[PDB]
Amino acid sequence: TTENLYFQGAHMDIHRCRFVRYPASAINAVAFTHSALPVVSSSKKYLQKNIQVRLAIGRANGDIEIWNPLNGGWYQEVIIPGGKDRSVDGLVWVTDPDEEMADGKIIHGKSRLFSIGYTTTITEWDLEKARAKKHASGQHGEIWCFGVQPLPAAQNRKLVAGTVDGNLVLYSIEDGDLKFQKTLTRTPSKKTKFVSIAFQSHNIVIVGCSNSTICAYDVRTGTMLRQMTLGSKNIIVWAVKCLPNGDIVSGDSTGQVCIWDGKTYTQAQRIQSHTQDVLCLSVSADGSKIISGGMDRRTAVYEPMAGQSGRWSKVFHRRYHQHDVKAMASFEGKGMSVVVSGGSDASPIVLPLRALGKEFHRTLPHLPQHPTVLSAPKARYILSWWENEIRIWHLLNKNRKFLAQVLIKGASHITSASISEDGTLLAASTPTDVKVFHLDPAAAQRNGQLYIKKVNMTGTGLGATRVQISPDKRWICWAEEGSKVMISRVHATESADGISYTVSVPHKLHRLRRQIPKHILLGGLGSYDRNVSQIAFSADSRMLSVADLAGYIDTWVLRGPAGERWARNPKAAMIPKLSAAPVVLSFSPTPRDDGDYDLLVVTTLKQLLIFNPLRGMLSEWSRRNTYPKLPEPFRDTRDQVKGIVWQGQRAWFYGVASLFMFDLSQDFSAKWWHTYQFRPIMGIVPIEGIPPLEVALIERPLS
């Protein structure tokens, strides 16, 4: 339960905590913005720099996570919240062709994301607002599968969905909308389910069924062109894919992977590859590799049989996951060649397509990139949240006490929370609300927990994606729908009762306009990367900074004489743009002699930078201690930093499986230290009782 680190005078006293039962949600769906990018040479590499490849991961709890593959440094960027009685069962990206403007500038095709969730509704997601963009339903059964019709027209794209009562339905996503368009087919039997879908060409849809059949349908007419029969009369074809040559690969409930000739629609081959249901398939872009995953937890790899034309041989199988393999998808481009699989064990697993089965796979964290753990250091509270409940514990100065379970009502999960250092002011957000609470350690209920008082806060009803209370408890800053920065004054009133809190109406804080060419803004993910990932106050609560995924840092200063106002930091525009997304944004608590601040940043590329924001520039320390001088273990981009803990002028940085300590009063060339003994880390948070440091280190192992 306890550990103690000592590095050349610095003591860290650790409470090793495993009692925060952060739940794992199964991965049900995996999908890339692009399956494949065109091959280009080093001379033409710069023609793909502005293409934005993202991975979407859909969870059983309805969460949708946007990941950036970052040439192997996988980084979880944004989590769009699910909600009570919501689940994601399928994901589809629709990415337009690139388009050349009259002046020869390339607009990279825009990417739109849709999902289905065991209902009659298809949902399109607003990546720019991290919330639902539109819902569309029709009179048909629950949708069990869907896909986008491939291009042969390009300005009038179509989705085809199969339902549980055996209907193909067509949805139009024309001119940026989403609506039910037409029912194509009604199977004779309402017990026949359409469970998997793939396109063989623009007009021919392949559908796996629950009645031991695979059917080919013409998209224009709805006519059944070909029926393929398997085997029982209840063989479920959970997965169908088409090879580049038009051949069909199927995976079914009996554990078989079958190959069907694309022209005759006859069974060319049967491979008894799994011992339980085959749930998912993946095919490489060149059609030379097939991947399958099953309820038997195994992943299998197939390659073309030497000599024999159009037939396949199983190369190997291996258990990568701890539970079933529910979904997988491949990406090939910019030197990357991977398949990503997922299942009930909640970890995404990345296999390198060019070196399968050689122990080069990677298991990505099952814990969110955001720590999702907080402390109130002066109160010795530790806090976490998931779904729609906040849990609060007290580490006694029977060293544990469960203080409160705060319920946040809403159709969606909590997106963010913040607590004051003394544990009396608590804030939490959803996409529809920003909620504020007043905590009194003397206010108890019969169930033993704290009595939590609501603090009135009026708002736009657009909620927030991140929320942050200032250290002096006078301000609450949040990011509304990712891109808009808001701030409210927290008014404390004293009386015989003690303190009572009220909150002002939100005030808008304006970020700098950035110079981004119109061909970049109009393509790919639009303004998705302006999503604010960090909000940071300085220790004196007189400066405020935010940074977004694109790497822009905005700064405000508090002007004294409610005679106070937040104003634009005069030298804000001089702060450079980061070349990679910030994972940490933190004001050093140590005052500077020149009255400026040390604003520290860590990026996904493991850059470590300190800016002096009032002067508007990189600090002298950063000018000496550049990237090549950082310790080689720290520069490993497979080790993503999640958080920071200050110890005076020493800074501690942790990832999911790593802990570093740098003495920032010193220059690099040893005076830096690290350890890998802690894993898997949710977060490390200080508590109060060379200054020694006392922290709660929260680990959340699954297996």
# chains A, B, ... in the order shown; residues from 1 in each chain; ligands from 1
>>> select_by_dssp(residues="range 392-469 of chain A", states="strand (DSSP E or B)", output="PyMOL selection string")
chain A and resi 392-395+400-407+416-419+425-429+434-444+450-455+466-469
>>> select_by_dssp(residues="range 7-237 of chain A", states="helix (DSSP H, G or I)", output="ChimeraX atom specification")
/A:42-47,70-72,174-176
>>> write_last_selection(atoms="C-alpha atoms", output="compact mmCIF listing (two decimals), in the first residue's frame")
# COMPACT_ATOMS: atom_id res chain seq x y z
CA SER A 42 10.24 10.79 -50.43
CA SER A 43 10.16 13.42 -53.18
CA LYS A 44 6.35 13.54 -52.87
CA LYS A 45 6.09 12.94 -49.10
CA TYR A 46 5.07 16.56 -48.53
CA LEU A 47 1.95 15.89 -50.60
CA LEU A 70 1.19 9.35 -35.04
CA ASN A 71 3.49 6.97 -36.96
CA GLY A 72 3.50 4.52 -34.06
CA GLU A 174 -26.10 14.16 -49.48
CA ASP A 175 -25.17 17.86 -48.96
CA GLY A 176 -23.94 17.14 -45.45
>>> closest_atom_pairs(of="range 423-467 of chain A", to="range 508-532 of chain A", cutoff="12 Å", atoms="only C-alpha atoms", output="CSV")
residue,atom,partner,partner_atom,distance
A:459,CA,A:508,CA,11.6
A:460,CA,A:508,CA,11.4
A:464,CA,A:532,CA,10.4
A:465,CA,A:532,CA,8.2
A:466,CA,A:532,CA,7.8
A:467,CA,A:532,CA,10.5
>>> residues_around(residues="residue 580 in chain A", least_positions_apart="4", cutoff="10 Å", atoms="only C-alpha atoms", output="VMD selection string")
chain A and resid 70 548 to 552 602 to 607
>>> write_last_selection(atoms="N, CA, C and O atoms", output="PDB file, in the first residue's frame")
ATOM      1  N   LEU A  70      -0.070   8.616 -35.250  1.00  0.00           N
ATOM      2  CA  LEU A  70       1.191   9.347 -35.045  1.00  0.00           C
ATOM      3  C   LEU A  70       2.425   8.499 -35.349  1.00  0.00           C
ATOM      4  O   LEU A  70       3.393   8.469 -34.585  1.00  0.00           O
ATOM      5  N   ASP A 548      -4.533  23.478 -27.601  1.00  0.00           N
ATOM      6  CA  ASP A 548      -5.405  22.564 -28.329  1.00  0.00           C
ATOM      7  C   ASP A 548      -4.589  21.490 -29.048  1.00  0.00           C
ATOM      8  O   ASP A 548      -3.356  21.484 -29.022  1.00  0.00           O
ATOM      9  N   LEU A 549      -5.314  20.579 -29.703  1.00  0.00           N
ATOM     10  CA  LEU A 549      -4.685  19.446 -30.379  1.00  0.00           C
ATOM     11  C   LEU A 549      -3.723  19.906 -31.468  1.00  0.00           C
ATOM     12  O   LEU A 549      -2.684  19.276 -31.695  1.00  0.00           O
ATOM     13  N   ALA A 550      -4.068  20.990 -32.168  1.00  0.00           N
ATOM     14  CA  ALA A 550      -3.229  21.498 -33.248  1.00  0.00           C
ATOM     15  C   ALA A 550      -1.926  22.115 -32.752  1.00  0.00           C
ATOM     16  O   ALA A 550      -1.013  22.324 -33.558  1.00  0.00           O
ATOM     17  N   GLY A 551      -1.819  22.424 -31.462  1.00  0.00           N
ATOM     18  CA  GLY A 551      -0.595  22.962 -30.902  1.00  0.00           C
ATOM     19  C   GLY A 551      -0.584  24.452 -30.637  1.00  0.00           C
ATOM     20  O   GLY A 551       0.490  25.008 -30.380  1.00  0.00           O
ATOM     21  N   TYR A 552      -1.733  25.118 -30.705  1.00  0.00           N
ATOM     22  CA  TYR A 552      -1.823  26.542 -30.416  1.00  0.00           C
ATOM     23  C   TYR A 552      -2.020  26.771 -28.922  1.00  0.00           C
ATOM     24  O   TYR A 552      -2.846  26.107 -28.289  1.00  0.00           O
ATOM     25  N   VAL A 602       4.640  19.483 -22.333  1.00  0.00           N
ATOM     26  CA  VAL A 602       5.142  18.234 -22.895  1.00  0.00           C
ATOM     27  C   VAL A 602       4.231  17.853 -24.055  1.00  0.00           C
ATOM     28  O   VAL A 602       3.008  18.005 -23.963  1.00  0.00           O
ATOM     29  N   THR A 603       4.819  17.365 -25.144  1.00  0.00           N
ATOM     30  CA  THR A 603       4.059  16.997 -26.331  1.00  0.00           C
ATOM     31  C   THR A 603       4.070  15.487 -26.547  1.00  0.00           C
ATOM     32  O   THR A 603       4.751  14.730 -25.849  1.00  0.00           O
ATOM     33  N   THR A 604       3.285  15.058 -27.542  1.00  0.00           N
ATOM     34  CA  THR A 604       3.237  13.650 -27.928  1.00  0.00           C
ATOM     35  C   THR A 604       4.542  13.165 -28.543  1.00  0.00           C
ATOM     36  O   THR A 604       4.774  11.953 -28.597  1.00  0.00           O
ATOM     37  N   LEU A 605       5.398  14.076 -28.999  1.00  0.00           N
ATOM     38  CA  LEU A 605       6.720  13.726 -29.496  1.00  0.00           C
ATOM     39  C   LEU A 605       7.767  13.738 -28.393  1.00  0.00           C
ATOM     40  O   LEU A 605       8.963  13.621 -28.684  1.00  0.00           O
ATOM     41  N   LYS A 606       7.337  13.885 -27.139  1.00  0.00           N
ATOM     42  CA  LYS A 606       8.194  13.922 -25.959  1.00  0.00           C
ATOM     43  C   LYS A 606       9.085  15.155 -25.934  1.00  0.00           C
ATOM     44  O   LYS A 606      10.146  15.143 -25.303  1.00  0.00           O
ATOM     45  N   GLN A 607       8.680  16.221 -26.618  1.00  0.00           N
ATOM     46  CA  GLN A 607       9.335  17.508 -26.439  1.00  0.00           C
ATOM     47  C   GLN A 607       8.977  18.076 -25.072  1.00  0.00           C
ATOM     48  O   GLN A 607       7.849  17.927 -24.597  1.00  0.00           O
TER      49      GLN A 607
END
>>> residues_around(residues="residue 279 in chain A", least_positions_apart="4", cutoff="9 Å", atoms="only C-alpha atoms", output="ChimeraX atom specification")
/A:237-239,251-253,255,292-295,324-327
>>> residues_around(residues="residue 690 in chain A", least_positions_apart="6", cutoff="12 Å", atoms="only C-alpha atoms", output="list in words")
residues 6, 7, 8, 9, 10, 11, 12, 646, 647, 648, 649, 650 and 663 of chain A
>>> atom_distance(atom1="CA of residue 80 in chain A", atom2="CA of residue 370 in chain A")
13.1 Å
>>> closest_atom_pairs(of="range 239-286 of chain A", to="range 222-232 of chain A", cutoff="8 Å", atoms="only C-alpha atoms", output="tab-separated table")
residue	atom	partner	partner_atom	distance
A:265	CA	A:228	CA	6.8
A:266	CA	A:228	CA	6.8
A:267	CA	A:228	CA	7.9
>>> write_last_selection(atoms="C-alpha atoms", output="short mmCIF file (atom, residue, chain, number, x, y, z; two decimals), in the first residue's frame")
data_model
loop_
_atom_site.label_atom_id
_atom_site.label_comp_id
_atom_site.auth_asym_id
_atom_site.auth_seq_id
_atom_site.Cartn_x
_atom_site.Cartn_y
_atom_site.Cartn_z
CA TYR A 265 -20.49 -16.73 -56.09
CA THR A 266 -19.63 -20.31 -55.19
CA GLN A 267 -17.72 -21.65 -52.19
#
>>> closest_residue(among="A:480, A:632, A:540, A:165", to="residue 185 in chain A", atoms="only C-alpha atoms")
A:165
>>> atom_distance(atom1="CA of residue 387 in chain A", atom2="CA of residue 84 in chain A")
7.8 Å
>>> decode(residues="range 221-369 of chain A", atoms="C-alpha atoms", output="mmCIF file, in the first residue's frame")
data_model
loop_
_atom_site.group_PDB
_atom_site.id
_atom_site.type_symbol
_atom_site.label_atom_id
_atom_site.label_comp_id
_atom_site.auth_asym_id
_atom_site.auth_seq_id
_atom_site.Cartn_x
_atom_site.Cartn_y
_atom_site.Cartn_z
ATOM 1 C CA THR A 221 -33.150 -2.092 -57.500
ATOM 2 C CA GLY A 222 -32.953 -4.123 -54.299
ATOM 3 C CA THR A 223 -33.046 -7.331 -56.338
ATOM 4 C CA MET A 224 -31.311 -10.408 -54.957
ATOM 5 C CA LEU A 225 -28.739 -11.373 -57.573
ATOM 6 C CA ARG A 226 -27.097 -14.386 -55.903
ATOM 7 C CA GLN A 227 -27.665 -16.467 -52.767
ATOM 8 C CA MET A 228 -24.802 -18.391 -51.164
ATOM 9 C CA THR A 229 -25.679 -21.212 -48.753
ATOM 10 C CA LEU A 230 -23.546 -22.569 -45.898
ATOM 11 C CA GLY A 231 -23.488 -25.866 -44.033
ATOM 12 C CA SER A 232 -27.430 -26.080 -39.797
ATOM 13 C CA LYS A 233 -30.108 -23.556 -40.802
ATOM 14 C CA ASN A 234 -28.956 -21.094 -38.106
ATOM 15 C CA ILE A 235 -25.347 -20.472 -39.123
ATOM 16 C CA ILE A 236 -24.736 -16.758 -38.503
ATOM 17 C CA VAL A 237 -22.337 -14.995 -40.888
ATOM 18 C CA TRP A 238 -20.947 -12.379 -38.500
ATOM 19 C CA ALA A 239 -18.413 -10.981 -40.992
ATOM 20 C CA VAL A 240 -17.991 -10.487 -44.745
ATOM 21 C CA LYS A 241 -15.175 -8.758 -46.645
ATOM 22 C CA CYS A 242 -14.292 -8.413 -50.323
ATOM 23 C CA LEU A 243 -10.780 -8.890 -51.661
ATOM 24 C CA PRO A 244 -9.465 -6.491 -54.341
ATOM 25 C CA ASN A 245 -10.272 -9.107 -57.011
ATOM 26 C CA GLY A 246 -13.919 -9.319 -55.882
ATOM 27 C CA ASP A 247 -13.626 -12.602 -53.964
ATOM 28 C CA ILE A 248 -15.661 -12.733 -50.743
ATOM 29 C CA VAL A 249 -14.223 -13.669 -47.347
ATOM 30 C CA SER A 250 -16.754 -14.715 -44.707
ATOM 31 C CA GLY A 251 -16.534 -15.628 -41.036
ATOM 32 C CA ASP A 252 -19.376 -17.497 -39.346
ATOM 33 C CA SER A 253 -20.722 -18.783 -36.040
ATOM 34 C CA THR A 254 -19.240 -22.269 -36.537
ATOM 35 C CA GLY A 255 -15.687 -20.908 -36.542
ATOM 36 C CA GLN A 256 -15.147 -21.168 -40.295
ATOM 37 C CA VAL A 257 -13.513 -18.674 -42.625
ATOM 38 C CA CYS A 258 -14.733 -19.280 -46.175
ATOM 39 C CA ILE A 259 -13.548 -17.949 -49.531
ATOM 40 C CA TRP A 260 -16.178 -17.390 -52.228
ATOM 41 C CA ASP A 261 -15.342 -16.888 -55.896
ATOM 42 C CA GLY A 262 -16.274 -13.309 -56.751
ATOM 43 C CA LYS A 263 -17.659 -14.081 -60.223
ATOM 44 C CA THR A 264 -19.517 -17.383 -59.742
ATOM 45 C CA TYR A 265 -20.493 -16.725 -56.092
ATOM 46 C CA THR A 266 -19.628 -20.313 -55.186
ATOM 47 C CA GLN A 267 -17.717 -21.649 -52.191
ATOM 48 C CA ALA A 268 -14.076 -22.076 -53.193
ATOM 49 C CA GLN A 269 -12.642 -22.900 -49.765
ATOM 50 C CA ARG A 270 -13.506 -23.594 -46.126
ATOM 51 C CA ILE A 271 -11.012 -23.175 -43.276
ATOM 52 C CA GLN A 272 -11.945 -24.400 -39.794
ATOM 53 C CA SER A 273 -9.819 -21.708 -38.190
ATOM 54 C CA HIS A 274 -11.632 -20.837 -34.942
ATOM 55 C CA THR A 275 -13.257 -23.061 -32.327
ATOM 56 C CA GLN A 276 -16.048 -20.538 -31.640
ATOM 57 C CA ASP A 277 -17.838 -17.805 -33.631
ATOM 58 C CA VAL A 278 -15.729 -15.797 -36.051
ATOM 59 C CA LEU A 279 -16.672 -12.217 -35.206
ATOM 60 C CA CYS A 280 -14.572 -9.988 -37.469
ATOM 61 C CA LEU A 281 -12.267 -9.883 -40.483
ATOM 62 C CA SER A 282 -9.579 -7.618 -41.893
ATOM 63 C CA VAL A 283 -7.910 -7.600 -45.315
ATOM 64 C CA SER A 284 -4.738 -5.784 -46.340
ATOM 65 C CA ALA A 285 -4.911 -3.244 -49.158
ATOM 66 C CA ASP A 286 -2.943 -5.399 -51.608
ATOM 67 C CA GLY A 287 -5.186 -8.398 -50.870
ATOM 68 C CA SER A 288 -2.247 -10.564 -49.770
ATOM 69 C CA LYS A 289 -3.198 -10.900 -46.075
ATOM 70 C CA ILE A 290 -6.382 -11.797 -44.196
ATOM 71 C CA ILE A 291 -6.946 -11.421 -40.441
ATOM 72 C CA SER A 292 -9.790 -12.955 -38.429
ATOM 73 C CA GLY A 293 -10.892 -12.688 -34.817
ATOM 74 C CA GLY A 294 -13.239 -14.871 -32.827
ATOM 75 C CA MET A 295 -15.093 -15.494 -29.583
ATOM 76 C CA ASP A 296 -12.377 -18.051 -28.897
ATOM 77 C CA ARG A 297 -10.141 -14.995 -28.177
ATOM 78 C CA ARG A 298 -7.793 -15.989 -31.023
ATOM 79 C CA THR A 299 -6.469 -13.910 -33.909
ATOM 80 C CA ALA A 300 -5.629 -15.833 -37.092
ATOM 81 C CA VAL A 301 -3.562 -14.796 -40.119
ATOM 82 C CA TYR A 302 -3.938 -16.163 -43.660
ATOM 83 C CA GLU A 303 -1.789 -15.801 -46.777
ATOM 84 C CA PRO A 304 -2.247 -16.981 -50.379
ATOM 85 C CA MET A 305 -1.483 -20.676 -50.779
ATOM 86 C CA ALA A 306 1.788 -21.093 -52.664
ATOM 87 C CA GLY A 307 1.067 -22.260 -56.207
ATOM 88 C CA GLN A 308 -2.710 -22.666 -55.868
ATOM 89 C CA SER A 309 -4.549 -19.739 -57.447
ATOM 90 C CA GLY A 310 -7.063 -17.862 -55.316
ATOM 91 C CA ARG A 311 -6.790 -20.198 -52.316
ATOM 92 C CA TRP A 312 -5.606 -19.351 -48.825
ATOM 93 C CA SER A 313 -3.558 -21.039 -46.102
ATOM 94 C CA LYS A 314 -3.611 -20.194 -42.402
ATOM 95 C CA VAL A 315 -0.139 -19.010 -41.391
ATOM 96 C CA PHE A 316 -0.620 -18.914 -37.612
ATOM 97 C CA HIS A 317 -3.031 -18.023 -34.855
ATOM 98 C CA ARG A 318 -2.371 -16.498 -31.449
ATOM 99 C CA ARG A 319 -4.303 -15.207 -28.454
ATOM 100 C CA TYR A 320 -3.496 -11.501 -28.136
ATOM 101 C CA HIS A 321 -6.606 -10.456 -26.194
ATOM 102 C CA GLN A 322 -7.805 -11.662 -22.803
ATOM 103 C CA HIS A 323 -11.398 -12.052 -24.046
ATOM 104 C CA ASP A 324 -13.198 -12.199 -27.390
ATOM 105 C CA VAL A 325 -11.967 -10.412 -30.517
ATOM 106 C CA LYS A 326 -14.983 -8.339 -31.543
ATOM 107 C CA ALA A 327 -13.657 -5.878 -34.133
ATOM 108 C CA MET A 328 -10.644 -5.012 -36.268
ATOM 109 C CA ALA A 329 -9.577 -2.635 -39.049
ATOM 110 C CA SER A 330 -6.424 -1.988 -41.064
ATOM 111 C CA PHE A 331 -4.528 1.138 -42.082
ATOM 112 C CA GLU A 332 -1.720 1.352 -44.641
ATOM 113 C CA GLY A 333 -0.036 4.654 -45.447
ATOM 114 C CA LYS A 334 2.872 7.002 -44.664
ATOM 115 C CA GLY A 335 5.105 4.025 -43.904
ATOM 116 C CA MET A 336 2.591 2.445 -41.498
ATOM 117 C CA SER A 337 1.026 -0.980 -42.079
ATOM 118 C CA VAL A 338 -1.106 -2.155 -39.151
ATOM 119 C CA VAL A 339 -4.304 -3.870 -38.112
ATOM 120 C CA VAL A 340 -5.939 -2.771 -34.846
ATOM 121 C CA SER A 341 -8.141 -5.263 -32.989
ATOM 122 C CA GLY A 342 -10.409 -4.877 -29.981
ATOM 123 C CA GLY A 343 -12.763 -6.761 -27.738
ATOM 124 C CA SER A 344 -14.148 -7.199 -24.242
ATOM 125 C CA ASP A 345 -10.752 -6.759 -22.549
ATOM 126 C CA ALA A 346 -10.906 -3.061 -23.590
ATOM 127 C CA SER A 347 -7.303 -2.765 -24.778
ATOM 128 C CA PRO A 348 -6.737 -1.870 -28.442
ATOM 129 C CA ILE A 349 -4.010 -4.089 -29.886
ATOM 130 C CA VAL A 350 -1.897 -3.050 -32.884
ATOM 131 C CA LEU A 351 -0.374 -5.699 -35.150
ATOM 132 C CA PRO A 352 2.299 -4.771 -37.742
ATOM 133 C CA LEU A 353 1.071 -6.222 -41.036
ATOM 134 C CA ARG A 354 4.617 -6.633 -42.399
ATOM 135 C CA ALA A 355 5.920 -8.591 -39.377
ATOM 136 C CA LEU A 356 2.949 -10.504 -37.968
ATOM 137 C CA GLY A 357 3.527 -12.971 -35.137
ATOM 138 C CA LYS A 358 7.113 -11.900 -34.378
ATOM 139 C CA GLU A 359 6.412 -10.272 -30.976
ATOM 140 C CA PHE A 360 6.304 -6.751 -32.443
ATOM 141 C CA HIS A 361 2.633 -6.224 -31.577
ATOM 142 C CA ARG A 362 1.655 -3.477 -29.160
ATOM 143 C CA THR A 363 -1.046 -3.438 -26.492
ATOM 144 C CA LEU A 364 -2.431 0.077 -26.075
ATOM 145 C CA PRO A 365 -3.676 1.326 -22.685
ATOM 146 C CA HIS A 366 -7.161 0.457 -21.479
ATOM 147 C CA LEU A 367 -7.111 3.648 -19.338
ATOM 148 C CA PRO A 368 -7.939 7.064 -20.822
ATOM 149 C CA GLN A 369 -5.080 9.365 -21.775
#
